[PDB]
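Trainee: Sequence isn't available, so here's the structure alone:
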Ligand SMILES: CCCCCCCC/C=C\CCCCCCCC(=O)O[C@H](COC(=O)CCCCCCC/C=C/CCCCCCCC)COP(=O)(O)OCCN
Ligand code: SF4
Ligand code: SF4
Ligand code: SF4
Ligand code: SF4
Ligand code: FES
Ligand SMILES: [Mg+2]
Ligand SMILES: [Zn+2]
């Protein structure tokens, strides 16, 4: 989800872009600006919400000991979905 | 590969002459090896 | 007689019993001038008297080495000379006297 | 005068009548472990982390609520008190979530530090932990409810100091939860202090979230100027 | 064997500190306050000496935090207030001393929670 | 080593040793660069019961040093720091080089 | 009371004669030091620098501090006469690369927050 | 004490205690205190005036004879009236033992050089003078040994800044290496790691 | 390394020798006061950068003694095995550099091939060729890979021939003997007084070895001999170092045959960090991992002096703890300091070219001298 | 037990003296050293043909740093700052804030390659394995500035080396 600054630079995932009057852009002349093309927020937004018939679900990120610490997520609030604090995955009870 | 050579000389790479944008007939370097072949070539694994 | 004691700079001392006896006698003579109640005087007199008794009660040199628990009689002689020098210097020092002064209220308090 | 003599680890101390075991230990220089006791709040006795052994007594007493008696010899570093501390810490950590890296109270956690100094170094809990849903009490206090240890410091502060009876416990036993039972914002001029008194990351600062770790911060003592209280 | 000279100690000429880092700095001698995020009191036992905060600016490259004073991270620990004052005086630094804050004793009573007629009685526990 | 027989004999004679037994260049004998997964045994402290930490706390058994003759507060045989060190034995495997 | 152990001297007179003795040695050395290190400074301004360095410590009223400063000065003399120092070590006394720091209030107010 | 705990050795503790009492008896003029640690280490606290005698005794006495100086160093404690403490570590090969002798001093009081007793002490005292500013009387040649020529102050002292007061660079205008006040691009980050909730009850201090 | 040496010569003879040090003084001891114990561990790799794990072992022993804990037996066996490998590395360095300075220059390559193999062992066990930071104050960091002991055995059954080739080049050569014999003779009393240790003592006939008199890890369970010189010259010290290489091979064999099973760090999570799986599954393990990698462990107050028999001599640390997680004071005692201090007396009445031989036989590395 | 290295006494009979004189005059041990060198010439050298051949390495090897991400594509780093705290050289600088979706992510993650000691403490302190020290070592640079890494450079390194990094972690995670 890389956008383009009005002056012409690529906007990073953090959102920092040099302003039009900023002298510090002179460092990028005859060179390039290091920007990562994969935005983690969009990539985790593309993930489908898992459907589980449990009131509490456990997540460790996948891989066992190669993931994050195992945490438990509550799914009682039907308005929203349960989100993992580490991995960002989303879970939901089977409404209707 | 050639397992009859001693350890260190039993694996080698012949570099390409034209990588991304430059002529590499002479100007070869060790950074041209992709990560999987990097793992194989440095004997970090026995599996290509 | 054995040669090359093995310690560089330490020469073989032929007829070591006489040297040991002279050194112990001089040690006792220097010790005599120290006040009687001083702990150093009585401790060093006890040790020197024991060693002199063992050297006078044993003509052999290897058995004397095993009894004296220092080994290599040459370095026992060297230790006797060091003890004599210390006795003279420490008679000059007079450390049997009371502590000069106490340290600051919290000089040795650890932590902080 | 009216002072009575009590012994902490065999050392005599003279205390007022009604002085608790915890304060008697304080007067000699020891701090008893605690999670629910606060000087400015009313005594609760819920946590049981202050359990200490009184010599020649088979049962441990809650130091935060038990008034000291004359001639009592507290045994603060006794084997029984250490075992009680380890058991209580085990019970506290049995259902606690593995949230330390993402918790805003990493290096400022009383739970963490008291686990390091008074608990065990491992777990024997082979079951699954519980998870309760978070509550929303406004834009100032961020609530992550699973982390909460049911100390009830927030309820006592709200009822006694802030003068607001909005906070309470609902349910029973293991499933009992601290909150409001309705979508309602706990908003008062003293609302932020519940972040400080909460020993865990159940109540954190929302504007301060994720920004800094405590070991990095430089502390400058200064004076408020937002009013004339100073 | 003893001079028996009577004068305040002054070692400023021997420590090698530059002149403008002696007469210009202002040290603070204090007992650090307790972190209100925790209820432990082990960090409020000693006395601390620290210098005054100087300019901290942003590095033009990478935006790190640059400084220009050598004494920004210097903190000393002392057993008593008098020791810190003596150190500051013998090192030639002007100081501000703050008296130690002690939490006053409090009257705690569990039974007061369940009062018959007083306001203390708690609505819940 | 892919060495001819005559060169092997020449190097053996010039050195005076049989080189082929102890080549300095690694060959097939070395362990494979890919290995099976390990298991790694757990420590003594892992026990589920009768494992209270206060019974295995090494740091909490450290104590301040014992004070003898704080100056602020009989035959008497002489004593040494420790018993005299025994002389070494002369290496009845190859005493002289 | 306040009895203190001597280092070299008992009173300020012995300290002053040591300081004077040290000063003479430095004075003799400067012409030689200037020539040997191929310094672009003159002997006059070198000796003025010597005078300034000695006057920096002119407010000391303690024989122990005075003769310890004499010991340090003798250590420096040693490093210079034996050519253990280099041209840079000697020229560090003059600060020819540091910009002049103004002293008046207005200039300090303009440059930054430093008093 | 199951396997994770360091085993004790009471025989060495008793031997070191007895020897400390012995040394204390022989030299009451200087020895102020004797201690044995829980890991069997004997340290002897003496008066500054007794550096030359006590060391000499420990080197020359038939019973002790610590002929090797393992290390000589200084420790700075700013909160004490006598700022610096001098530590001597000695090894006895005859009895296979180690001893420690501690002394105190401040900025202006010199300590007698022990070069005569041990040849090894000459460099050690030079380093102590360089890093702590403790002057040693009668040293053969006392001067800086590790710091740069013309360096002002002593780095090992607690008050001295971690990065010092001056830094070096090369200047093309004067064509030489010059020194200017330190200006870090990124300031060293100070961490407050000490926690509340004391770790070791056995070392708790009286509340005064 | 880097050395400034000021000397006065009457004709050919060196009347006086003065070494000026501090060209590699980085202020390690002051920097240690701003780190935790785990953070301060990697400095000891840099102290004597020819013998890394020996410094690691000395620091770990000091911290363990202050902590009142002990490592598991397998960790101690691994420590002694890698300490002997480190001894082999250091002695190869010392002998080959001595010969290189004198002018042989061939065994330097001959034995740096083996040194490269031993860096391969270091890298396989820790991931770093020379500054592994493997030995931690609670044991070792990671367990050995499944195929490491076999390769160590294969290497160690061929090293004696390399030592034999080195001796063929050096021990009986008349030029080498004329360069080393009767050079830098030191008496036993002078060596003891000046503070010498290790070979510098054992070359003068002194029977002293810390792995024998005061064993520290498992050295009282292994059998080896202590080579002793007879003349106190460079030749005797060279022969002693060669024989120590052979004895190190012997100890390596014994360690290989007697490696026990079990864990590698002390089963006390308040000192040694737990495993990754436990950290990612257990609440207590996660809390202890967090606190050990942010604050570190607190060490009870006290001062210790721990010394080990390093390849260069007695390497020691005087460690002072005030009860926090950062060391209050850390003094490092290196044998090279005393050896270079005695270099002046060692080079009296000798030629100018003999100073090089004396410096070489003293085995001086300025990282540990300057600190 | 102890051994003597130089405690031999040469024989003084006529045959031994003649043997020593023959050694002195005909240079026998010099010829022995020459023969050792000559034999050592005729054996295969130990040189490898870099860069076409590479030295052996291990899955544990510590090289260039990289930031990894989950299979879904979101970065593993949660801004816990444990790597920054443990860093013995203070080479890591971290700044964080809540992301637009409320996630706990870094806004700044810089590592100074010229202050790094490549000890690996950061990767073992990491709870979620976000930061690893990968197998690359051939990243020499012509200017000091390009050795000052920011978050974008480290994320690019992770995306570049993820295959080998994951393979090495798979090979070695059972020892950690
Ligand atoms: C019946 C009628 C016969 C008449 C009598 C003739 C009999 C001859 C018997 C004696 C002949 C021998 C003379 C040869 C030269 C000897 C000189 C000598 O021995 O000097 C050595 C010195 O020799 C050397 O050290 C030279 C070594 C230099 C390095 C060179 C490496 C040697 C190998 C290279 C190959 C030589 C090739 C020779 C042939 C060349 C063809 C052109 C002594 O020195 P040190 O052992 O240190 O003792 C002195 C202290 N008292
Ligand atoms: S509240 Fe404390 S113990 Fe719980 S997750 Fe946060 S830091 Fe960890
Ligand atoms: S939110 Fe905090 S203060 Fe309130 S009950 Fe839970 S742990 Fe206690
Ligand atoms: S490898 Fe070590 S020095 Fe480098 S960033 Fe990680 S913790 Fe810091
Ligand atoms: S330890 Fe890992 S998760 Fe924590 S800040 Fe560092 S890279 Fe991110
Ligand atoms: S502090 Fe007493 S029960 Fe909680
Ligand atoms: Mg909180
Ligand atoms: Zn997840």
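Mentor: That came through fine. Numbering: from 1, shown residues only, chains lettered A, B, ... in the order given. Ligands and ions are numbered 1, 2, ... in the order given.
Trainee: Grab the nearest non-local neighbour of the residue of chain F found nearest ligand 7.
Mentor: Distance from ligand 7 to each residue of chain F (CB to the ion) is smallest for residue F:53, at 26.5 Å. All C-beta spots, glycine's among them, are computed from the backbone N, C-alpha and C. Excluding the flanking residues, the one nearest residue F:53 by CB to CB, 6 or more residues apart in numbering or on different chains is residue D:120, at 4.2 Å.
Trainee: name the element the one you found belongs to?
Mentor: Under the criterion DSSP states H and E, no helix or strand holds residue D:120.
Trainee: cool, residue J:171 as well?
Mentor: Going by DSSP H and E, residue J:171 is in helix J:151-172.
Trainee: which outside residues touch that helix?
Mentor: Residues outside helix J:151-172 that contact it (CB atoms under 8 Å, 6 or more residues apart in numbering or on different chains) are A:12, A:14, A:34-36, A:38, A:66, B:35-36, B:38-39, B:44-45, F:34, J:59-61, J:64-69, J:75, J:106-111, J:129, J:131-132, J:134-136.
Trainee: is that helix anywhere near ligand 5?
Mentor: No. Helix J:151-172 is not in contact with ligand 5 by CB under 6 Å from any ligand atom; minimum separation 9.2 Å.
Trainee: Which residues in that helix does the neighbour count mark as buried?
Mentor: Within helix J:151-172, the residues that qualify as buried are J:151-162, J:164-169, J:171-172, counting by 16 or more other CB atoms under 10 Å in any protein chain shown.
Trainee: one step back: the residue of chain F closest to ligand 7: what's it in contact with?
Mentor: D:86, D:119, D:120, D:121.
Trainee: Turn those into a markdown table, including neighbour count and distance to ligand 6.
Mentor: Shown next, in a markdown table, are the contacts of residue F:53 (neighbours: other CB atoms under 10 Å in any protein chain shown; distance: CB to the nearest ligand atom, whole Å):
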| residue | neighbour count | distance to ligand 6 |
| --- | --- | --- |
| D:86 | 17 | 15 |
| D:119 | 26 | 15 |
| D:120 | 24 | 19 |
| D:121 | 22 | 23 |
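Trainee: farthest pair in these?
Mentor: For these, the maximum inter-member distance is 10.0 Å, found between D:86 and D:121 (CB to CB).
Trainee: Now the nearest residue to residue I:141 once chain neighbours are set aside, what are its backbone angles?
Mentor: In space, and not counting its chain neighbours, residue I:141 is closest to residue I:134: 5.5 Å by CB to CB, 6+ apart. Note on residue I:134: its backbone torsions stand at phi -70, psi -40 [degrees, to the nearest 10].
Trainee: residues touching residue I:134, list them.
Mentor: When contacts are counted by CB under 8 Å, 6+ apart, residue I:134 touches I:53, I:56, I:82, I:122, I:125, I:126, I:140, I:141, I:142.
Trainee: List the ones among those residues that fall in strands.
Mentor: Counting by DSSP state E, the contacts of residue I:134 place residue I:140 in strands.
Trainee: Let me know the closest of the contacts of residue I:134 to chain G.
Mentor: residue I:56 (36.1 Å; CB to the nearest CB).
Trainee: was I right about that closest one contacting residue I:133?
Mentor: Yes. Contact criterion CB atoms under 8 Å: residue I:56 and residue I:133 qualify, at 6.9 Å.
Trainee: ok, these two, which is more surrounded?
Mentor: Higher neighbour count among residue I:56 and residue I:133: residue I:56, with 27 against 23, using other CB atoms under 10 Å in any protein chain shown.
Trainee: which residues in chain B form helices?
Mentor: With helices called from DSSP state H, chain B shows them at B:35-41.
Trainee: Report the buried residues of the lengthiest helix in chain D.
Mentor: For chain D, the longest helix by residue count, based on DSSP H, is helix D:79-94. Within helix D:79-94, the residues scored as buried using 16+ other CB under 10 Å are D:80, D:81, D:82, D:83, D:84, D:85, D:86, D:88, D:89, D:90, D:92, D:93.
Trainee: cool, and stretch D:93-107?
Mentor: Using 16+ other CB under 10 Å as the burial criterion, the residues of stretch D:93-107 that qualify are D:93, D:95-107.
Trainee: what about whichever strand or helix holds residue I:291 and ligand 5, touching?
Mentor: Here residue I:291 sits within helix I:283-294, counting by DSSP H and E. No. Applying CB under 6 Å from any ligand atom, one finds helix I:283-294 separated from ligand 5 by no less than 8.4 Å.
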